[PDB]
**Q** 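Right, I'll just put the structure down here and ask away after.
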Amino acid sequence: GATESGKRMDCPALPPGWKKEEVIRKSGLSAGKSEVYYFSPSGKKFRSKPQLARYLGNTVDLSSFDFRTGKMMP
DNA sequence: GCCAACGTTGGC
DNA sequence: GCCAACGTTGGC
């Protein structure tokens, strides 16, 4: 399900066609650490909430969006 | 001390 | 030149 790692999955809190992936680091000091990426319907990768906001503009209100889980968490 | 957010780099 | 992957750090 939603906490499964290494697998792109639907993010239903965003507009249609957005997906999310959790990727675990392998090499280097920061190994094991978990990061989250988003993919637009066009397939571009997004690495931060501010980056999503810049791209989505007023088509979404991300004010309560939790980047790590992809849920709206008021 | 942490980590959100971003900059840099190696490998292609 | 691209981009996955790691390193870096200002703001908290």
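The chains referred to below are lettered A, B, ... by the order of the sequence lines, with proteins before strands, and numbering in each begins at 1.
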**Q** Testing the basics here: between A/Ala13 and A/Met72, what is the closest heavy-atom pair and its distance to 0.1 Å?
**A**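 Distance-wise, the nearest heavy atoms are O-CE, 3.5 Å.
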**Q** Go through B/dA4, B/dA5, C/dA5 for me and flag the one nearest to the A/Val23 side chain.
**A**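 It is C/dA5.
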**Q** Looking only at heavy atoms, what is the nearest atom pair of A/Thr59 and A/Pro15, with distance?
**A**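 Taking A/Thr59 first and A/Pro15 second, the nearest heavy atoms are O-CG, 4.5 Å.
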**Q** Rounding to an integer number of Å, can you tell me how far A/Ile24 CD1 sits from C/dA5 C1'?
**A**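 It works out to 13 Å between those atoms.
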**Q** If the cut-off is 4.0 Å, is A/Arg68 near the phosphate of B/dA4, judged by side-chain N/O to OP1 or OP2?
**A**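 So the side chain of A/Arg68 is within the cut-off, an N or O lying under 4.0 Å from OP1 or OP2 of B/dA4.
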**Q** Please state how far atom CZ in A/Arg47 lies from atom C1' in C/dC2, giving the value in whole angstrom units.
**A**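 Distance, rounded to whole Å: 14 Å.
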**Q** Can you check whether A/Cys11 reaches A/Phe65 side chain to side chain, under 4.5 Å on heavy atoms?
**A**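 A/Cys11 reaches A/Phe65 side chain to side chain.
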**Q** Among C/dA4, C/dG7, B/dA4, which nucleotide has an atom closest to any side-chain atom of A/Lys45?
**A**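 Ranking C/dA4, C/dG7, B/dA4 by closest atom to the A/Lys45 side chain puts C/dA4 first.
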**Q** Are A/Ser34 and A/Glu22 linked by a side-chain donor-acceptor pair shorter than 3.5 Å?
**A**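 Looking only at side-chain atoms, A/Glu22 and A/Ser34 do form a donor-acceptor pair, the distance falling under 3.5 Å.
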**Q** Any side-chain heavy-atom pair from A/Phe67 and A/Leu62 closer than 4.5 angstrom?
**A**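 The answer is no; the side chains never approach within 4.5 Å.
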**Q** Calculate the interatomic distance between A/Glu22 atom CD and C/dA4 atom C1'; express it in whole Å.
**A**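 A/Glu22 atom CD is separated from C/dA4 atom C1' by 16 Å.
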**Q** Check whether any side-chain N or O of A/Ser48 sits under 4.0 Å from OP1 or OP2 of B/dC6, and answer yes or no.
**A**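 Looking at the OP1 and OP2 atoms of B/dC6, one of them is under 4.0 Å from a side-chain N or O of A/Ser48.
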**Q** Under 4.0 Å from OP1 or OP2 of B/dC6: is there any side-chain N or O of A/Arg54 that close?
**A**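 Result: yes.
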**Q** Send over the distance from A/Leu62 CG to B/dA5 P, rounded to a whole Å.
**A**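 My rounded result for the distance is 11 Å.
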**Q** What is the distance, to the nearest angstrom, from the CD atom on A/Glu35 to the P atom on B/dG7?
**A**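 Going from CD in A/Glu35 over to P in B/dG7 covers 15 Å.
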**Q** Rounding to an integer number of Å, can you tell me how far A/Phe65 CZ sits from B/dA4 P?
**A**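 Going from A/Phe65 (CZ) to B/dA4 (P), I get 13 Å.
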**Q** Within this structure, what is the CZ-to-P distance between A/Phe46 and B/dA4, rounded to whole angstrom?
**A**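 It works out to 19 Å between those atoms.
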**Q** Given B/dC6, B/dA4, C/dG7, which nucleotide is nearest the side-chain atoms of A/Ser30?
**A**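 Closest of the options to the side chain of A/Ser30: C/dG7.
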**Q** Whole angstroms only, please: what is the CZ-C1' distance between A/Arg25 and C/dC3?
**A**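 Interatomic distance, CZ of A/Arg25 to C1' of C/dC3: 15 Å.
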